[PDB]
file entry-v2.pdb (PDB, C-alpha atoms and all ligand atoms)
ATOM      1  CA  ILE A 121     213.214  55.839 108.594
ATOM      2  CA  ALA A 122     214.598  58.392 106.135
ATOM      3  CA  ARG A 123     211.872  60.916 106.977
ATOM      4  CA  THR A 124     212.233  60.462 110.746
ATOM      5  CA  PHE A 125     215.969  60.084 111.401
ATOM      6  CA  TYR A 126     217.905  61.535 108.448
ATOM      7  CA  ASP A 127     218.241  64.536 106.147
ATOM      8  CA  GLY A 128     218.840  64.757 102.416
ATOM      9  CA  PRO A 129     222.243  64.400 100.779
ATOM     10  CA  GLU A 130     222.501  68.129  99.979
ATOM     11  CA  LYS A 131     223.008  69.048 103.642
ATOM     12  CA  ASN A 132     226.014  66.747 104.071
ATOM     13  CA  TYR A 133     227.339  67.712 100.622
ATOM     14  CA  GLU A 134     227.343  71.456 101.299
ATOM     15  CA  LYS A 135     228.550  71.064 104.891
ATOM     16  CA  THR A 136     231.488  69.120 103.449
ATOM     17  CA  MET A 137     232.116  71.989 101.032
ATOM     18  CA  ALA A 138     232.189  74.500 103.902
ATOM     19  CA  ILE A 139     234.485  72.301 106.011
ATOM     20  CA  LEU A 140     236.888  71.804 103.101
ATOM     21  CA  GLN A 141     237.025  75.544 102.411
ATOM     22  CA  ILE A 142     237.816  76.316 106.057
ATOM     23  CA  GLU A 143     240.524  73.651 106.273
ATOM     24  CA  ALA A 144     242.200  74.649 102.996
ATOM     25  CA  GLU A 145     242.279  78.296 104.070
ATOM     26  CA  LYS A 146     243.818  77.303 107.408
ATOM     27  CA  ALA A 147     246.524  75.254 105.673
ATOM     28  CA  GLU A 148     247.411  78.131 103.347
ATOM     29  CA  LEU A 149     247.544  80.530 106.302
ATOM     30  CA  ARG A 150     249.870  78.183 108.204
ATOM     31  CA  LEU A 151     252.289  77.978 105.273
ATOM     32  CA  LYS A 152     252.172  81.760 104.817
ATOM     33  CA  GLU A 153     252.871  82.348 108.515
ATOM     34  CA  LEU A 154     255.882  80.031 108.411
ATOM     35  CA  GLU A 155     257.303  81.883 105.398
ATOM     36  CA  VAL A 156     256.692  85.279 107.028
ATOM     37  CA  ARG A 157     258.394  84.099 110.226
ATOM     38  CA  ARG A 158     261.441  82.957 108.258
ATOM     39  CA  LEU A 159     261.736  86.247 106.362
ATOM     40  CA  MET A 160     261.200  88.407 109.458
ATOM     41  CA  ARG A 161     263.808  86.524 111.475
ATOM     42  CA  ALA A 162     266.287  86.669 108.589
ATOM     43  CA  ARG A 163     265.956  90.389 107.818
ATOM     44  CA  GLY A 164     264.755  91.963 111.063
ATOM     45  CA  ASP A 165     262.742  94.563 109.138
ATOM     46  CA  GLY A 166     259.305  93.655 110.503
ATOM     47  CA  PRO A 167     257.436  93.966 113.797
ATOM     48  CA  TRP A 168     258.665  90.543 114.920
ATOM     49  CA  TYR A 169     262.118  89.655 116.269
ATOM     50  CA  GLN A 170     262.873  93.238 117.296
ATOM     51  CA  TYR A 171     265.731  93.136 119.755
ATOM     52  CA  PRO A 172     266.412  96.091 122.064
ATOM     53  CA  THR A 173     269.046  98.704 121.295
ATOM     54  CA  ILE A 174     270.309 101.539 123.469
ATOM     55  CA  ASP A 175     267.885 104.428 123.879
ATOM     56  CA  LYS A 176     269.227 107.596 122.267
ATOM     57  CA  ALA A 177     267.389 109.656 124.909
ATOM     58  CA  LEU A 178     270.083 108.645 127.427
ATOM     59  CA  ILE A 179     272.751 110.781 125.708
ATOM     60  CA  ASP A 180     273.823 114.038 127.352
ATOM     61  CA  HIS A 181     274.165 116.789 124.727
ATOM     62  CA  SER A 182     275.956 119.295 126.940
ATOM     63  CA  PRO A 183     279.379 120.961 126.805
ATOM     64  CA  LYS A 184     281.823 118.521 128.361
ATOM     65  CA  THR A 185     284.620 120.651 129.909
ATOM     66  CA  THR A 186     286.587 119.840 126.738
ATOM     67  CA  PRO A 187     285.706 121.193 123.276
ATOM     68  CA  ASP A 188     286.212 117.812 121.542
ATOM     69  CA  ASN A 189     283.826 115.902 123.847
TER      70      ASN A 189
ATOM     71  CA  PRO B   2     207.003  40.731  82.622
ATOM     72  CA  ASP B   3     206.986  44.533  82.292
ATOM     73  CA  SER B   4     209.106  44.976  85.432
ATOM     74  CA  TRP B   5     212.330  45.269  83.414
ATOM     75  CA  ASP B   6     213.303  46.667  80.037
ATOM     76  CA  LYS B   7     213.410  43.888  77.442
ATOM     77  CA  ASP B   8     216.064  45.644  75.346
ATOM     78  CA  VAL B   9     218.521  45.882  78.246
ATOM     79  CA  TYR B  10     217.850  42.198  79.073
ATOM     80  CA  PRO B  11     216.892  40.587  75.746
ATOM     81  CA  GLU B  12     215.677  37.031  75.210
ATOM     82  CA  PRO B  13     215.077  34.900  72.097
ATOM     83  CA  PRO B  14     211.497  34.356  70.848
ATOM     84  CA  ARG B  15     211.101  31.142  72.926
ATOM     85  CA  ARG B  16     210.138  28.399  70.480
ATOM     86  CA  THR B  17     208.748  25.320  72.254
ATOM     87  CA  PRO B  18     207.407  22.170  70.557
ATOM     88  CA  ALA B  19     203.861  20.858  70.800
ATOM     89  CA  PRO B  20     203.144  17.550  72.585
ATOM     90  CA  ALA B  21     203.184  14.564  70.210
ATOM     91  CA  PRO B  22     201.928  11.500  72.121
ATOM     92  CA  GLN B  23     202.935   8.168  70.602
ATOM     93  CA  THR B  24     201.752   5.785  73.354
ATOM     94  CA  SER B  25     198.333   4.785  74.651
ATOM     95  CA  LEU B  26     199.627   5.054  78.222
ATOM     96  CA  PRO B  27     198.731   8.213  80.159
ATOM     97  CA  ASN B  28     201.335  10.806  81.026
ATOM     98  CA  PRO B  29     202.024  10.994  84.785
ATOM     99  CA  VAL B  30     203.605  14.418  84.248
ATOM    100  CA  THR B  31     200.373  15.872  82.836
ATOM    101  CA  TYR B  32     198.257  14.401  85.644
ATOM    102  CA  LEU B  33     200.688  15.641  88.300
ATOM    103  CA  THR B  34     200.865  19.112  86.747
ATOM    104  CA  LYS B  35     197.066  19.334  86.629
ATOM    105  CA  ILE B  36     196.980  18.431  90.327
ATOM    106  CA  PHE B  37     199.719  20.972  91.061
ATOM    107  CA  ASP B  38     197.801  23.652  89.164
ATOM    108  CA  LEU B  39     194.492  23.032  90.930
ATOM    109  CA  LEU B  40     196.057  22.577  94.385
ATOM    110  CA  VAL B  41     198.857  25.198  94.449
ATOM    111  CA  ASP B  42     198.595  27.726  91.632
ATOM    112  CA  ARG B  43     194.993  28.784  92.305
ATOM    113  CA  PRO B  44     195.187  29.613  96.056
ATOM    114  CA  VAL B  45     198.433  31.522  95.474
ATOM    115  CA  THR B  46     196.795  33.411  92.607
ATOM    116  CA  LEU B  47     193.829  34.305  94.827
ATOM    117  CA  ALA B  48     196.121  35.508  97.620
ATOM    118  CA  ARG B  49     198.074  37.636  95.142
ATOM    119  CA  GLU B  50     194.833  39.054  93.732
ATOM    120  CA  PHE B  51     193.708  40.058  97.230
ATOM    121  CA  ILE B  52     197.105  41.615  97.986
ATOM    122  CA  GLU B  53     197.070  43.542  94.699
ATOM    123  CA  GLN B  54     193.528  44.754  95.393
ATOM    124  CA  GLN B  55     194.738  46.098  98.738
ATOM    125  CA  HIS B  56     197.775  47.683  97.063
ATOM    126  CA  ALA B  57     195.659  49.414  94.405
ATOM    127  CA  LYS B  58     193.683  51.283  97.085
ATOM    128  CA  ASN B  59     196.948  52.912  98.267
ATOM    129  CA  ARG B  60     198.994  54.040  95.259
ATOM    130  CA  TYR B  61     202.003  56.272  95.915
ATOM    131  CA  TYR B  62     205.191  56.930  93.995
ATOM    132  CA  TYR B  63     208.952  57.256  94.349
ATOM    133  CA  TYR B  64     211.302  58.883  91.851
ATOM    134  CA  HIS B  65     214.715  58.296  90.313
ATOM    135  CA  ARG B  66     217.084  61.021  91.481
ATOM    136  CA  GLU B  67     218.646  63.228  88.805
ATOM    137  CA  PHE B  68     222.206  64.558  88.934
ATOM    138  CA  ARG B  69     223.390  67.339  86.662
ATOM    139  CA  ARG B  70     226.921  67.385  85.266
ATOM    140  CA  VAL B  71     229.602  69.441  87.023
ATOM    141  CA  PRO B  72     233.099  70.280  85.693
ATOM    142  CA  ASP B  73     235.475  67.326  85.511
ATOM    143  CA  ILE B  74     238.829  67.039  87.279
ATOM    144  CA  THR B  75     240.546  68.274  84.097
ATOM    145  CA  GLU B  76     238.930  71.725  84.443
ATOM    146  CA  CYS B  77     239.977  72.199  88.087
ATOM    147  CA  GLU B  78     242.853  74.361  89.261
ATOM    148  CA  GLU B  79     245.622  72.675  91.211
ATOM    149  CA  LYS B  80     244.599  73.649  94.761
ATOM    150  CA  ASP B  81     240.917  74.559  94.245
ATOM    151  CA  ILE B  82     239.369  72.331  96.904
ATOM    152  CA  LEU B  83     235.676  72.874  96.083
ATOM    153  CA  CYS B  84     235.881  72.112  92.363
ATOM    154  CA  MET B  85     238.055  69.083  93.127
ATOM    155  CA  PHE B  86     235.457  67.858  95.634
ATOM    156  CA  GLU B  87     232.587  68.149  93.151
ATOM    157  CA  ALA B  88     234.625  66.517  90.370
ATOM    158  CA  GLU B  89     235.685  63.653  92.654
ATOM    159  CA  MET B  90     232.080  62.976  93.669
ATOM    160  CA  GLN B  91     231.037  62.951  90.006
ATOM    161  CA  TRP B  92     233.895  60.571  89.163
ATOM    162  CA  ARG B  93     232.903  58.175  91.960
ATOM    163  CA  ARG B  94     229.297  58.148  90.738
ATOM    164  CA  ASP B  95     230.516  57.388  87.207
ATOM    165  CA  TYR B  96     232.670  54.553  88.578
ATOM    166  CA  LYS B  97     229.637  52.983  90.261
ATOM    167  CA  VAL B  98     227.564  53.307  87.077
ATOM    168  CA  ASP B  99     230.336  51.655  85.041
ATOM    169  CA  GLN B 100     230.460  48.770  87.521
ATOM    170  CA  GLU B 101     226.712  48.292  87.088
ATOM    171  CA  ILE B 102     227.104  48.327  83.281
ATOM    172  CA  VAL B 103     229.663  45.523  83.548
ATOM    173  CA  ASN B 104     227.263  43.684  85.867
ATOM    174  CA  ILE B 105     224.446  43.907  83.302
ATOM    175  CA  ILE B 106     226.701  42.529  80.563
ATOM    176  CA  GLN B 107     227.843  39.649  82.788
ATOM    177  CA  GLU B 108     224.209  38.835  83.589
ATOM    178  CA  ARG B 109     223.497  38.618  79.859
ATOM    179  CA  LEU B 110     226.473  36.293  79.360
ATOM    180  CA  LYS B 111     225.473  33.943  82.184
ATOM    181  CA  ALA B 112     221.843  33.808  81.076
ATOM    182  CA  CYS B 113     222.853  32.981  77.502
ATOM    183  CA  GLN B 114     225.166  30.197  78.669
ATOM    184  CA  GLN B 115     222.404  28.583  80.712
ATOM    185  CA  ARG B 116     219.768  29.113  78.009
ATOM    186  CA  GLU B 117     221.654  27.664  75.047
ATOM    187  CA  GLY B 118     222.434  24.334  76.720
ATOM    188  CA  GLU B 119     224.741  22.075  74.724
ATOM    189  CA  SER B 120     225.176  24.695  71.959
ATOM    190  CA  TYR B 121     226.470  27.506  74.187
ATOM    191  CA  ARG B 122     229.979  27.606  72.699
ATOM    192  CA  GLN B 123     228.565  28.751  69.349
ATOM    193  CA  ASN B 124     225.301  30.416  70.409
ATOM    194  CA  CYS B 125     226.835  32.799  72.996
ATOM    195  CA  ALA B 126     229.494  34.341  70.742
ATOM    196  CA  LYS B 127     227.886  37.798  70.654
ATOM    197  CA  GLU B 128     227.475  38.053  74.435
ATOM    198  CA  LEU B 129     231.069  36.900  74.899
ATOM    199  CA  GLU B 130     232.276  39.559  72.448
ATOM    200  CA  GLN B 131     230.274  42.277  74.207
ATOM    201  CA  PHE B 132     231.714  41.219  77.560
ATOM    202  CA  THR B 133     235.223  41.200  76.082
ATOM    203  CA  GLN B 134     234.830  44.765  74.803
ATOM    204  CA  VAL B 135     233.274  46.089  78.019
ATOM    205  CA  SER B 136     235.874  44.312  80.164
ATOM    206  CA  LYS B 137     238.727  45.753  78.101
ATOM    207  CA  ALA B 138     237.318  49.282  78.409
ATOM    208  CA  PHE B 139     236.715  48.920  82.158
ATOM    209  CA  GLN B 140     240.201  47.487  82.721
ATOM    210  CA  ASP B 141     241.720  50.395  80.802
ATOM    211  CA  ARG B 142     239.733  52.898  82.866
ATOM    212  CA  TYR B 143     240.004  51.598  86.412
ATOM    213  CA  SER B 144     242.460  48.723  86.887
ATOM    214  CA  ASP B 145     245.601  49.179  89.021
ATOM    215  CA  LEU B 146     244.460  52.431  90.658
ATOM    216  CA  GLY B 147     244.703  50.546  93.952
ATOM    217  CA  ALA B 148     243.101  51.376  97.239
ATOM    218  CA  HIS B 149     243.021  55.147  97.803
ATOM    219  CA  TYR B 150     241.958  55.640  94.186
ATOM    220  CA  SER B 151     240.817  59.054  92.981
ATOM    221  CA  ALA B 152     240.008  61.022  89.849
ATOM    222  CA  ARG B 153     243.532  62.481  89.752
ATOM    223  CA  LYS B 154     245.151  59.038  89.591
ATOM    224  CA  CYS B 155     242.722  57.992  86.852
ATOM    225  CA  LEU B 156     243.635  61.132  84.904
ATOM    226  CA  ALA B 157     247.347  60.401  85.349
ATOM    227  CA  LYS B 158     246.813  56.848  84.079
ATOM    228  CA  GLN B 159     244.906  58.102  81.032
ATOM    229  CA  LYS B 160     247.618  60.677  80.299
ATOM    230  CA  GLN B 161     250.314  57.995  80.498
ATOM    231  CA  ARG B 162     248.383  55.724  78.128
ATOM    232  CA  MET B 163     247.778  58.636  75.742
ATOM    233  CA  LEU B 164     251.484  59.514  75.727
ATOM    234  CA  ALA B 165     252.457  55.909  75.002
ATOM    235  CA  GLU B 166     249.897  55.657  72.189
ATOM    236  CA  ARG B 167     251.012  58.958  70.640
ATOM    237  CA  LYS B 168     254.656  57.865  70.722
ATOM    238  CA  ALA B 169     253.796  54.494  69.172
ATOM    239  CA  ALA B 170     251.741  56.178  66.445
ATOM    240  CA  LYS B 171     254.520  58.628  65.581
ATOM    241  CA  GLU B 172     257.107  55.828  65.519
ATOM    242  CA  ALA B 173     254.908  53.737  63.218
ATOM    243  CA  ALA B 174     254.437  56.806  61.006
ATOM    244  CA  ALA B 175     258.212  57.026  60.501
ATOM    245  CA  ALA B 176     258.215  53.435  59.192
TER     246      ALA B 176
HETATM  247  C1  LIG A 201     206.852  49.565 113.354
HETATM  248  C2  LIG A 201     207.500  48.155 113.210
HETATM  249  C3  LIG A 201     208.183  47.953 111.818
HETATM  250  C4  LIG A 201     209.475  48.822 111.654
HETATM  251  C5  LIG A 201     210.435  48.707 112.887
HETATM  252  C6  LIG A 201     211.725  49.594 112.728
HETATM  253  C7  LIG A 201     212.618  49.592 114.030
HETATM  254  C8  LIG A 201     213.162  51.020 114.375
HETATM  255  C9  LIG A 201     213.138  51.311 115.924
HETATM  256  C10 LIG A 201     214.542  51.098 116.587
HETATM  257  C11 LIG A 201     215.280  52.454 116.893
HETATM  258  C12 LIG A 201     216.441  52.734 115.882
HETATM  259  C13 LIG A 201     217.715  53.320 116.579
HETATM  260  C14 LIG A 201     217.568  54.847 116.871
HETATM  261  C15 LIG A 201     218.762  55.689 116.292
HETATM  262  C16 LIG A 201     218.345  57.170 115.955
HETATM  263  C17 LIG A 201     219.164  58.222 116.800
HETATM  264  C18 LIG A 201     219.274  59.599 116.092
HETATM  265  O1  LIG A 201     220.107  59.482 115.003
HETATM  266  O2  LIG A 201     217.993  60.026 115.658
HETATM  267  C19 LIG A 201     217.593  61.265 116.186
HETATM  268  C20 LIG A 201     216.071  61.254 116.437
HETATM  269  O3  LIG A 201     215.846  61.102 117.840
HETATM  270  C21 LIG A 201     214.873  60.134 118.174
HETATM  271  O4  LIG A 201     214.187  60.545 119.309
HETATM  272  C22 LIG A 201     215.558  58.780 118.457
HETATM  273  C23 LIG A 201     214.894  58.016 119.649
HETATM  274  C24 LIG A 201     215.268  56.500 119.671
HETATM  275  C25 LIG A 201     215.791  56.032 121.074
HETATM  276  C26 LIG A 201     215.481  54.525 121.350
HETATM  277  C27 LIG A 201     214.948  54.272 122.812
HETATM  278  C28 LIG A 201     214.278  52.854 122.983
HETATM  279  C29 LIG A 201     214.358  52.333 124.473
HETATM  280  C30 LIG A 201     213.301  51.200 124.794
HETATM  281  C31 LIG A 201     212.330  51.601 125.976
HETATM  282  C32 LIG A 201     211.045  50.672 126.043
HETATM  283  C33 LIG A 201     210.355  50.678 127.455
HETATM  284  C34 LIG A 201     211.385  50.639 128.643
HETATM  285  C35 LIG A 201     210.748  50.077 129.957
HETATM  286  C36 LIG A 201     211.661  50.274 131.193
HETATM  287  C37 LIG A 201     217.939  62.385 115.192
HETATM  288  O5  LIG A 201     217.767  63.644 115.851
HETATM  289  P1  LIG A 201     217.461  64.995 114.906
HETATM  290  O6  LIG A 201     218.284  66.169 115.391
HETATM  291  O7  LIG A 201     215.991  65.353 114.998
HETATM  292  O8  LIG A 201     217.847  64.647 113.318
HETATM  293  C38 LIG A 201     217.312  65.477 112.286
HETATM  294  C39 LIG A 201     216.676  64.549 111.196
HETATM  295  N1  LIG A 201     215.223  64.879 111.005
HETATM  296  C40 LIG A 201     215.164  66.217 110.386
HETATM  297  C41 LIG A 201     214.673  63.845 110.079
HETATM  298  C42 LIG A 201     214.321  64.925 112.184
END
call {"tool": "encode", "arguments": {"input": "entry-v2.pdb", "output": "structure tokens"}}
result
Amino acid sequence: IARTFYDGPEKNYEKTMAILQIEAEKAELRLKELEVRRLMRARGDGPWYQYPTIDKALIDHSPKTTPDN
Amino acid sequence: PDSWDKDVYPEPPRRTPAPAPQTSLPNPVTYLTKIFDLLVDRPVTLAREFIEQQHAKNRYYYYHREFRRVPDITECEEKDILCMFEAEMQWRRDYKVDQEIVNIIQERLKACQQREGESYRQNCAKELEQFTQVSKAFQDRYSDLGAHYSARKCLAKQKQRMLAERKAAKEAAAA
């Protein structure tokens, strides 16, 4: 029965090791992403949560019929 | 027989007295046991001899599996999942082996109680003492961990006991 239907314990052991490594890395990445989201939304100094401002290319830099703009 | 180790499961030298007939009457037990021998023990012996002859023509082996020692839970970092996994498996194997040790000791105790008959209260003192020691050690190691036990909870229990013992020793030193 063992020879026909089942493998040795090492296969399940090392597959468990691989699964545990993947899951632990995913958990750490989730916590890191939450912290990064919090910091980026608080400071606004990252790529995320960038809200539009007025384009400076819309300004007319011409004499304006009055010396003081 | 040679199937089991006689030091792990010891027995006394088995002193039995010789028959001392005091009556001219015959012994029905001896006559009945001769009949039982000739009528039961011989055909069974022949069947076993045939079966063993068949077995000897096909001799193959199986082996006891060997496990090396991996680092314990004490040498594992807090979130290192792989080392914790290996240590937890080793701890569970050790727990099973300890249970079997207790089982062996209990078997010795029960066998001695049956063997000694009316003198068991005095003649089983050593087995009772061995069981007391093993039971105390096992209870210290594993009791009250509850369901969902692990190596970490066992380590926490041992640390708590060590702290209590160190405090008691230092307080007795100040006496
Ligand atoms: C001989 C008498 C004394 C001993 C009797 C023992 C009784 C055993 C027979 C009963 C069957 C046991 C249940 C089957 C469960 C096994 C399913 C699965 O786990 O096994 C697969 C194996 O597949 C097998 O083909 C299972 C087939 C069993 C299906 C049962 C069908 C019976 C139906 C009855 C039909 C009879 C006639 C019908 C007339 C209409 C594994 O696939 P694999 O990926 O390789 O695994 C790798 C492991 N290796 C490396 C060891 C190979």
call {"tool": "closest_residue", "arguments": {"input": "entry-v2.pdb", "among": "B:87, B:99, B:130, B:172", "to": "chain A", "atoms": "all atoms listed in the file"}}
result
B:87
call {"tool": "closest_atom_pairs", "arguments": {"input": "entry-v2.pdb", "of": "chain A", "to": "chain B", "cutoff": "9 Å", "atoms": "all atoms listed in the file", "output": "CSV"}}
result
residue,atom,partner,partner_atom,distance
A:136,CA,B:86,CA,8.9
A:137,CA,B:83,CA,6.2
A:138,CA,B:83,CA,8.7
A:140,CA,B:82,CA,6.7
A:141,CA,B:82,CA,6.8
A:144,CA,B:82,CA,7.1
call {"tool": "atom_distance", "arguments": {"input": "entry-v2.pdb", "atom1": "atom CA of residue B:140", "atom2": "atom CA of residue B:10"}}
result
23.3 Å
call {"tool": "resolve_selection", "arguments": {"input": "entry-v2.pdb", "expression": "the PyMOL selection byres (((not hetatm)) within 12 of (chain A and resi 201))", "output": "PDB file with C-alpha atoms, in the coordinates of the input"}}
result
ATOM      1  CA  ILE A 121     213.214  55.839 108.594  1.00  0.00           C
ATOM      2  CA  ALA A 122     214.598  58.392 106.135  1.00  0.00           C
ATOM      3  CA  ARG A 123     211.872  60.916 106.977  1.00  0.00           C
ATOM      4  CA  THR A 124     212.233  60.462 110.746  1.00  0.00           C
ATOM      5  CA  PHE A 125     215.969  60.084 111.401  1.00  0.00           C
ATOM      6  CA  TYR A 126     217.905  61.535 108.448  1.00  0.00           C
ATOM      7  CA  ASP A 127     218.241  64.536 106.147  1.00  0.00           C
ATOM      8  CA  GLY A 128     218.840  64.757 102.416  1.00  0.00           C
ATOM      9  CA  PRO A 129     222.243  64.400 100.779  1.00  0.00           C
ATOM     10  CA  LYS A 131     223.008  69.048 103.642  1.00  0.00           C
ATOM     11  CA  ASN A 132     226.014  66.747 104.071  1.00  0.00           C
TER      12      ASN A 132
END
call {"tool": "axis_aligned_box", "arguments": {"input": "entry-v2.pdb", "around": "stretch 171-179 of chain A", "padding_each_side": "3 Å", "output": "JSON"}}
result
{"center_x": 269.2, "center_y": 102.0, "center_z": 123.6, "size_x": 13.0, "size_y": 23.6, "size_z": 13.7}
call {"tool": "atom_distance", "arguments": {"input": "entry-v2.pdb", "atom1": "atom CA of residue A:164", "atom2": "atom CA of residue A:181"}}
result
29.9 Å
call {"tool": "resolve_selection", "arguments": {"input": "entry-v2.pdb", "expression": "the PyMOL selection byres (((chain B and resi 158) around 12) and not hetatm)", "output": "number ranges by chain"}}
result
B: 140-147, 150-157, 159-165
call {"tool": "write_last_selection", "arguments": {"input": "entry-v2.pdb", "atoms": "C-alpha atoms", "output": "short mmCIF file (atom, residue, chain, number, x, y, z; two decimals), in the frame of the given file"}}
result
data_model
loop_
_atom_site.label_atom_id
_atom_site.label_comp_id
_atom_site.auth_asym_id
_atom_site.auth_seq_id
_atom_site.Cartn_x
_atom_site.Cartn_y
_atom_site.Cartn_z
CA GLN B 140 240.20 47.49 82.72
CA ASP B 141 241.72 50.40 80.80
CA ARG B 142 239.73 52.90 82.87
CA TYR B 143 240.00 51.60 86.41
CA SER B 144 242.46 48.72 86.89
CA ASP B 145 245.60 49.18 89.02
CA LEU B 146 244.46 52.43 90.66
CA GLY B 147 244.70 50.55 93.95
CA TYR B 150 241.96 55.64 94.19
CA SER B 151 240.82 59.05 92.98
CA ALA B 152 240.01 61.02 89.85
CA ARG B 153 243.53 62.48 89.75
CA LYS B 154 245.15 59.04 89.59
CA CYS B 155 242.72 57.99 86.85
CA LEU B 156 243.64 61.13 84.90
CA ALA B 157 247.35 60.40 85.35
CA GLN B 159 244.91 58.10 81.03
CA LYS B 160 247.62 60.68 80.30
CA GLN B 161 250.31 58.00 80.50
CA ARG B 162 248.38 55.72 78.13
CA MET B 163 247.78 58.64 75.74
CA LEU B 164 251.48 59.51 75.73
CA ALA B 165 252.46 55.91 75.00
#
call {"tool": "atom_distance", "arguments": {"input": "entry-v2.pdb", "atom1": "atom CA of residue B:52", "atom2": "atom CA of residue B:65"}}
result
25.4 Å
call {"tool": "closest_residue", "arguments": {"input": "entry-v2.pdb", "among": "B:78, B:50, B:166, B:8", "to": "residue B:109", "atoms": "all atoms listed in the file"}}
result
B:8
call {"tool": "decode", "arguments": {"input": "entry-v2.pdb", "residues": "stretch 39-51 of chain B", "atoms": "N, CA, C and O atoms", "output": "PDB file, in the first residue's frame"}}
result
ATOM      1  N   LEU B  39      -0.767 -34.113  23.832  1.00  0.00           N
ATOM      2  CA  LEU B  39      -0.775 -34.992  22.667  1.00  0.00           C
ATOM      3  C   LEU B  39      -1.838 -34.595  21.646  1.00  0.00           C
ATOM      4  O   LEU B  39      -1.661 -34.840  20.448  1.00  0.00           O
ATOM      5  N   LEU B  40      -2.939 -33.980  22.082  1.00  0.00           N
ATOM      6  CA  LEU B  40      -4.060 -33.723  21.187  1.00  0.00           C
ATOM      7  C   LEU B  40      -4.126 -32.298  20.656  1.00  0.00           C
ATOM      8  O   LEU B  40      -4.817 -32.064  19.659  1.00  0.00           O
ATOM      9  N   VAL B  41      -3.442 -31.340  21.281  1.00  0.00           N
ATOM     10  CA  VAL B  41      -3.504 -29.939  20.891  1.00  0.00           C
ATOM     11  C   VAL B  41      -2.121 -29.384  20.571  1.00  0.00           C
ATOM     12  O   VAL B  41      -1.928 -28.730  19.544  1.00  0.00           O
ATOM     13  N   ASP B  42      -1.141 -29.635  21.445  1.00  0.00           N
ATOM     14  CA  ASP B  42       0.128 -28.930  21.326  1.00  0.00           C
ATOM     15  C   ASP B  42       0.957 -29.440  20.154  1.00  0.00           C
ATOM     16  O   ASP B  42       1.764 -28.687  19.598  1.00  0.00           O
ATOM     17  N   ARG B  43       0.775 -30.698  19.762  1.00  0.00           N
ATOM     18  CA  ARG B  43       1.569 -31.270  18.682  1.00  0.00           C
ATOM     19  C   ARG B  43       1.081 -30.821  17.303  1.00  0.00           C
ATOM     20  O   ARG B  43       1.909 -30.408  16.480  1.00  0.00           O
ATOM     21  N   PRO B  44      -0.222 -30.899  16.986  1.00  0.00           N
ATOM     22  CA  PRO B  44      -0.660 -30.396  15.671  1.00  0.00           C
ATOM     23  C   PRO B  44      -0.389 -28.914  15.470  1.00  0.00           C
ATOM     24  O   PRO B  44      -0.024 -28.495  14.364  1.00  0.00           O
ATOM     25  N   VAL B  45      -0.548 -28.109  16.522  1.00  0.00           N
ATOM     26  CA  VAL B  45      -0.235 -26.685  16.424  1.00  0.00           C
ATOM     27  C   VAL B  45       1.254 -26.483  16.184  1.00  0.00           C
ATOM     28  O   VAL B  45       1.660 -25.626  15.389  1.00  0.00           O
ATOM     29  N   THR B  46       2.091 -27.267  16.866  1.00  0.00           N
ATOM     30  CA  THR B  46       3.531 -27.173  16.652  1.00  0.00           C
ATOM     31  C   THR B  46       3.901 -27.546  15.222  1.00  0.00           C
ATOM     32  O   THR B  46       4.754 -26.899  14.608  1.00  0.00           O
ATOM     33  N   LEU B  47       3.269 -28.587  14.673  1.00  0.00           N
ATOM     34  CA  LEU B  47       3.548 -28.977  13.294  1.00  0.00           C
ATOM     35  C   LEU B  47       3.112 -27.898  12.309  1.00  0.00           C
ATOM     36  O   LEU B  47       3.827 -27.603  11.342  1.00  0.00           O
ATOM     37  N   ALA B  48       1.939 -27.301  12.536  1.00  0.00           N
ATOM     38  CA  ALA B  48       1.484 -26.224  11.662  1.00  0.00           C
ATOM     39  C   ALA B  48       2.432 -25.034  11.719  1.00  0.00           C
ATOM     40  O   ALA B  48       2.762 -24.439  10.684  1.00  0.00           O
ATOM     41  N   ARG B  49       2.891 -24.678  12.921  1.00  0.00           N
ATOM     42  CA  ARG B  49       3.846 -23.586  13.054  1.00  0.00           C
ATOM     43  C   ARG B  49       5.168 -23.919  12.378  1.00  0.00           C
ATOM     44  O   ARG B  49       5.797 -23.044  11.777  1.00  0.00           O
ATOM     45  N   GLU B  50       5.618 -25.170  12.483  1.00  0.00           N
ATOM     46  CA  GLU B  50       6.858 -25.565  11.825  1.00  0.00           C
ATOM     47  C   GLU B  50       6.740 -25.445  10.312  1.00  0.00           C
ATOM     48  O   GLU B  50       7.662 -24.961   9.647  1.00  0.00           O
ATOM     49  N   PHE B  51       5.606 -25.872   9.750  1.00  0.00           N
ATOM     50  CA  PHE B  51       5.384 -25.701   8.316  1.00  0.00           C
ATOM     51  C   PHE B  51       5.375 -24.225   7.929  1.00  0.00           C
ATOM     52  O   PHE B  51       5.994 -23.827   6.931  1.00  0.00           O
TER      53      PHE B  51
END
